[PDB]
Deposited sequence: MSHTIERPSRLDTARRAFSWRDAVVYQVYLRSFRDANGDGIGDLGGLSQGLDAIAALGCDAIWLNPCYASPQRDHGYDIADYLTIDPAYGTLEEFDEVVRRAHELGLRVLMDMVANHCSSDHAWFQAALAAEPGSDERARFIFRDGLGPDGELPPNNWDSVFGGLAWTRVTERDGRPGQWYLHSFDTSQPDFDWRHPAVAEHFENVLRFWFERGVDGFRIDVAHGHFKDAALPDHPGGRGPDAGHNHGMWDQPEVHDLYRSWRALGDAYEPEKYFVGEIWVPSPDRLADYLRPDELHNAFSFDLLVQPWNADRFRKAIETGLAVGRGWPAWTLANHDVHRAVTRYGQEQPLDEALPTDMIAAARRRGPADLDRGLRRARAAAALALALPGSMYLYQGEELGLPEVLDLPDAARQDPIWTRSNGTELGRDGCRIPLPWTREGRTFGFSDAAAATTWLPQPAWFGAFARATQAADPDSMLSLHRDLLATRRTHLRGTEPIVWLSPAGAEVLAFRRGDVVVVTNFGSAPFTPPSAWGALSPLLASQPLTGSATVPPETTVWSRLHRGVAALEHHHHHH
């Protein structure tokens, strides 16, 4: 039967999955068409990046209406059909909860801008007087995650500059005041609304956000690279009461709803508090995602994930915010900055390592989140033309930080077609341009090739379901620091040879016959940069 503990979740970046309407934008009609492909791959659930009404200044994470689907993606009726079709295929459905902030076009925030200092409208956000004799300094020294100030100054109704409002992310994403009672009430209503439509749970955006220190103190570390975690801006005690309330709400349903947090905090003990039994079910294990190709760093990150997750963490190797794994591992090897390195990526090296890494991560106890396109071995499109970039990171850095658009390129479905089957002929230009070579990675081509990245993922998910029991914990076979990672789970032994020479496992690891491998191999040595799953006799 289905279990969240062992779920393999396909992350659907809807804008770039499949364009059924022919407007150049991935949409719900396209997702409906592609659900058969997700289930055939072997996945257990889908998580949709936010598809609510949004001006797309942060591509869905700036929400203007939490109770409606963006008209570019479809109607609520089409959404209901997607949910029922997914369910009919056995796929559970996670939506994306974005409650730290809303779009500046949300009706509440437009009302706040039009209201006076001290109004209730502004009290639902974080508006403060500026510092300096004319208020020209921001109220404190906080940085936007996307670069620049975390505050924007507004014009008051006398036409002169006045108060500033806080935005942890883009200027167009004002942060709520989570101490204002209307905010919590609104988000309980949002949860209930979507749960009523059969949504099975939420991925929680900025789960370390929502509450800040009520005094909004300056970060003593400053703005610089090694300023450190801004303790006043994130990860406050009140956020745990919030998740207790959401968990209690979700636990009233049968089956109970599911919550996975997107949490970025440095301390594993701080992270673990989000996963206490009355709070969130899980959180992405980002330590592994940011590691370079290195056996020792992988092992340490896996150890951290297993402790924080109490034995069944939520693993992921890529998402819509970081460089694709084929690029990360194909580059020369040296928090989130580690997953956004620039420089030449060797495609064959990156594909080899990405295959081995997928095979390793899918053997770990717990759940696994596959970002769309990773099952095709897509590289990051680093050479996107300047003019095509849309990520606020690009604009706010004046072009000195590339941003995330290179992992959001519309997927290739067929070798043929001007958009590689992402849309039909008659369709508008795609919202981000696909490179001329994307057709080489087409899903249909890979499905027909037993050696493809897609076929490897299909084999892994099939073998994971038949041979890997969720109740069997890791028994480490290799020692700390080894260049070859090896463990046993029940009667399956997993070996990842991170190095460039073949490796012969010591006979004490058992009498092994191979189940699958991320490369060819009929010997008992593990080829370079290869993962092998074997049955233990």
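Unmodelled regions of the deposited chain sequence (numbering from residue 1, in sequence order): 1-16, 351-358, 546, 563-575.
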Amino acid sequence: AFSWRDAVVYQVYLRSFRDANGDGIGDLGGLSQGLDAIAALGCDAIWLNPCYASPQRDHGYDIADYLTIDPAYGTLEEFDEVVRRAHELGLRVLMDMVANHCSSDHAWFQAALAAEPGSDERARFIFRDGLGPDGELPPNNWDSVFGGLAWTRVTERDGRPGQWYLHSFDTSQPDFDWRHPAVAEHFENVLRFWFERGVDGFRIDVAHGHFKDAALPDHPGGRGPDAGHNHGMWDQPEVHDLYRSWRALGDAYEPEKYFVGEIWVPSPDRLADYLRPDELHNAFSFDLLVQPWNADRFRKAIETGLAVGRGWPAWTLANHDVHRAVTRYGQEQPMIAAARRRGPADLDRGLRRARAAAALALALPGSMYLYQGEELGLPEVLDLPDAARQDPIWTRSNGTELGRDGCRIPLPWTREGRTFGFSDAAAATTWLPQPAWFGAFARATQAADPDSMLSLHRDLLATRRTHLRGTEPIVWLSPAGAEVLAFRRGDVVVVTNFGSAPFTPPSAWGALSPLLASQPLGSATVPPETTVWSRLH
From here on, numbers count along this sequence of modelled residues.
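Mean CA temperature factor is higher for 116-124 when stretches 168-176 and 116-124 are set side by side in the entry. With 427-435 and 103-111 compared on mean CA B-factor from the PDB entry, the stretch scoring higher is 427-435. Per the deposited record, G490 carries the highest C-alpha B-factor of all listed residues (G490, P50, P55, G26). Among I204, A184, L317, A387, the highest C-alpha B-factor in the deposited entry belongs to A387. Among all modelled residues in this chain, the alpha-carbon of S285 has a temperature factor (C-alpha) in the middle third. The PDB entry assigns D70 a C-alpha temperature factor belonging to the middle third of its chain's modelled residues.
Among all modelled residues in its chain, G417 ranks in the highest third by Cα B-factor. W312 sits in the highest third of its chain by CA B factor, as recorded in the PDB entry. Among the modelled residues of its chain, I63 has a C-alpha B-factor that falls in the lowest third, as given in the PDB entry.
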